[PDB]
Structures are given as structure tokens and as C-alpha cells.
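# Results of the structural survey
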Amino acid sequence: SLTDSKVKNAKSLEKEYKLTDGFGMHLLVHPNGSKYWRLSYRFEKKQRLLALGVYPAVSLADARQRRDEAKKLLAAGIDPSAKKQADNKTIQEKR
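All residue numbers start from 1 on each chain and follow the order of its written sequence rather than the entry's numbering, and residues without coordinates are excluded. As a convention, hydrogens and water are excluded, and side-chain values are obtained from all of the structure's heavy atoms. Residues with missing side-chain atoms are left out of burial classes, side-chain pairs and their counts.

Regarding how it was determined, this PDB entry cites X-ray crystallography in its header, along with a resolution of 1.60 Å.

Pairs of strands are assigned from DSSP output, requiring at least two bridges between the strands. Under the scheme used here, helices are H or I runs from DSSP no shorter than 4 residues and strands are E runs no shorter than 2 residues, and both carry numbers assigned from the N terminus. Within the open sheet, the four strands sit side by side as β1-β2-β3-β4. Their pairing is antiparallel. Sheet topology places β1 (17-22) and β4 (46-55) at the edges, where each strand pairs with a single neighbour. Taking each pair of neighbouring strands and ignoring which way they run, the sheet shows an average axis angle of 30 degrees. With five bridges connecting them, strand β2 (residues 25-29) and strand β3 (residues 35-43) associate as antiparallel partners. Bridge pairing in β3 places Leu28 opposite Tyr36. Contact between two residues is taken to exist if any of their heavy atoms lie within 4.5 Å; hydrogens are not considered. Helix axes are fitted to C-alpha atoms over the stretch in contact, other axes to C-alpha atoms as well, and angles between N-to-C directions run from 0 to 180 degrees. Contacts between helix α2 (residues 60-75) and the sheet are confined to β1, β2, β3 and β4, with β3 contributing the most and set at about 15 degrees to the helix.

Time to look at the side chain of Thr90. Relative to the assigned elements, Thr90 resides in the loop between α2 and α3 (91-94). Nitrogen and oxygen atoms within 3.5 Å of one another constitute a polar contact, given that in protein one can donate a hydrogen and the other can accept it, and given that sequence-neighbouring residues count only through two side-chain atoms. In this structure the side chain of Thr90 is engaged in a polar contact, spanning 3.1 Å, whose partner is the backbone nitrogen of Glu93. With sequence-adjacent residues up to four places away left out, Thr90 is seen in contact with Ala57, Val58, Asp62 and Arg66.

In this section: the pattern of salt bridges. Any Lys or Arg side-chain nitrogen located within 4 Å of an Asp or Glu carboxyl oxygen qualifies as a salt bridge. Tallied over the entire structure, the rule returns three salt bridges. Residues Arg67 and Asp68 are paired through a salt bridge, measuring 2.8 Å at the closest nitrogen-oxygen approach. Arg67 gets classed as buried once you look at its relative accessible area, which sits at 12%. Between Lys72 and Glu69 there is a salt bridge whose closest N-O contact spans 2.7 Å. Here the residue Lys72 and the residue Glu69 both occupy positions in helix α2, the gap between them amounting to three residues, near one helical turn. Burial classification: accessible surface area is computed with a 1.4 Å probe over protein chains only, and a residue below 20% of its type maximum counts as buried, one above 50% as exposed, and the rest as partly exposed.

What follows is about the nonpolar core. A general feature of soluble globular proteins is that nonpolar side chains tend to end up buried together. Core analysis: the biggest nonpolar cluster contains 18 residues, and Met25, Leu27 and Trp37 have the highest contact counts within it. Of all the secondary structure elements, the ones that give two or more residues to this core are β2, β3, β4 and α2. The element contributing the most residues to this core is β3, with four residues. Excluding residues within four positions of it along the chain, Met25 makes contact with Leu19, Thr20, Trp37, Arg38, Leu39, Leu52, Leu60, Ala63, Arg64 and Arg67. Take the buried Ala, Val, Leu, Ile, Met, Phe, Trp, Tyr and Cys residues and link them wherever side-chain atoms come within 4.5 Å; each set so joined is a nonpolar core.

As C-alpha cells, then:
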């Protein structure tokens, strides 16, 4: 399971790598320096990858919330790629 500090302190390498958080979610740490939240899921029923947002715009807590929302859509038979992820307000945006 990831922590805020592991996420913050992860450094880019030569090639992209994934830091897994569980339940299909990972942080992609890209050599471009950017950090992407992603969810692996199955639907229709191929394996797919969902973008959940960009750190630090989206925190680890925020990413887990967006994962949860995607799992709810999946459970209702809705492809979670149809969702505008930004409609999930972040904890800071809430402020």
C-alpha cells in the first residue's frame, strides 16, 4: 500500500515504472517527471487502463476516492472511462 511520503519521494528513472497501491490502482512514475494515477480494470471484457488524474493535483487520498467511484460504476455495469474524472472534487478543491 502506498503512503503520501512514498508518492512524494518517488523519483523518475530512465523508463516509466508503476508503484502499486492495491485494488488495481497504481502510480505511474514517468521519466518525463510526471506522476499519473491509473486503474487497471476489466470490462467487455478486455483488460483496460483508466486515468484517474495527476499527482500532486490529485493526492493519494483523492486517487483512492476516484478508484472507489470507478469501482461503483463498474458494479452498476457502466464503463468507468465514460466518466469525467474531474467531476470528482479533490480534497483541496473542497477547501
